[PDB]
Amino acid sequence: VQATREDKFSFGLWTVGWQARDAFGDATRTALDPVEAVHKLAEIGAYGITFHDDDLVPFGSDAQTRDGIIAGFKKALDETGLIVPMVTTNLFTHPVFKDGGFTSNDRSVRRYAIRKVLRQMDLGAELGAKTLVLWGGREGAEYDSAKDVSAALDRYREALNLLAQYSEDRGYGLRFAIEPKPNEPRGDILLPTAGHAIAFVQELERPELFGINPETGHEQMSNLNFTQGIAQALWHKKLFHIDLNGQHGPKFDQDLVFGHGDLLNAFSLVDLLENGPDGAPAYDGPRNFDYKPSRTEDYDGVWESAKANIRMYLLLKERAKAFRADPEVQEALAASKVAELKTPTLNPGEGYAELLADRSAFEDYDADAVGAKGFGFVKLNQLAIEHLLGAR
């Protein structure tokens, strides 16, 4: 397979552009020119690109410099036909953000953070972005007493309400997606899982403008089931965006190519996204790859790794399709009663009164006999893996 713009594969400028300076060593690669990055991505099939303000414009560029950069950027976008679906702001690199942006203990830092974001919203709106992604990487703590969480969530909410206001007033029409992460770089990060971020969003002034941008590895850093969490995000209708990558459980942030960590979970994720209700995908935003080319690689390895993300997604998609169209899989699903979960437990018009009255629901229920019937879940799981292995 080959990707089409229909696939909606995007990459962050900072993925293919990571110079591979890790916590223990120097960069192994030279910087990638953003224009060059646009051309290369277009060429591999990406439909869009995303970036943090500071990825494009060096922190502290004068207006002439910044203006020049933006202009060339837009020219490259025009020429390749790539779009900018989302934009984001770097609130974690500069020493000033060492205790966070929106929730730094220092009031002046909080005011500055908001201004940095507003400035990025303007640039996003001008490039046509539809969503503003917010990754509060420095919002959190290494020690429990250093941060008042309640005060922190109030401050977080306070900054976000202002951003929605500004957008709505300017008629920018942006949506906002909060990106959860459990830890790294802070010992513990606020809004640690997709669950925590959805519950928070529900407390904003204009909740309908807010959703989440969950990332594969972030949920796997807590050993959570990524597909299962995505399923819940879809049930809430809060999956505004998605970051795809690979990770090997609880350890530092690996940012591997999507599919290179937990393959089986990658497989069920692609099944959930594409084999949505009514034939169609359950999700229609960008399929964003938020990964990093391993430090052992050079620029050839960088493009290889970019192509690997798309290949991995398309291969899994193919196998998910085949899986569902297999009459033996259907038979297994029927035997496992997967679809029976979709039928209400209560009959149409039945309330507690009638249920209470139904002797077959309690008084005459043979718990023991039902408890002895197998669900055939293992056999179903085996068919799924055989499809993934191209054995069926």
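Residue positions are given as counts along the sequence shown, with the first one as 1.
Participant: Would you mind comparing 108 to 116 and 78 to 86 for me and telling me which has the higher average C-alpha temperature factor in the entry?
Facilitator: Result of the comparison: 78 to 86.
Participant: Taking the mean of the C-alpha B-factors per stretch from the entry, tell me the winner out of 350 to 358 and 24 to 32.
Facilitator: Going by the record's values, the stretch with the higher mean is 350 to 358.
Participant: Looking at 262, 168, 99, 144, which has the biggest Cα B factor in the entry?
Facilitator: Of 262, 168, 99, 144, 168 has the highest C-alpha B-factor.
Participant: Of the choices 38, 329, 335, 339, which one's C-alpha carries the largest B-factor in the record?
Facilitator: So the option with the highest C-alpha B-factor is 38.
Participant: Lowest, middle or highest third: where is residue 389 by C-alpha B factor in its chain?
Facilitator: Middle third by C-alpha B-factor.
Participant: Looking at the entry's B-factor column for C-alpha atoms only, identify whether residue 280 ranks in the lowest, middle or highest third of its chain.
Facilitator: It falls in the top third of the chain.
Participant: Among the modelled residues of its chain, does the C-alpha B-factor of residue 196 lie in the lowest, middle or highest third?
Facilitator: Lowest third of the chain for residue 196's C-alpha B-factor.
Participant: Ranking every modelled residue in this chain by its Cα temperature factor as given in the entry, which third contains residue 125?
Facilitator: Answer is highest: the recorded C-alpha B-factor places it there.
Participant: Can you tell me whether residue 317 has a C-alpha B-factor in the lowest, middle or highest third compared with the other modelled residues of the same chain?
Facilitator: Its C-alpha B-factor, which the entry lists for residue 317, ranks in the middle third among residues of this chain.
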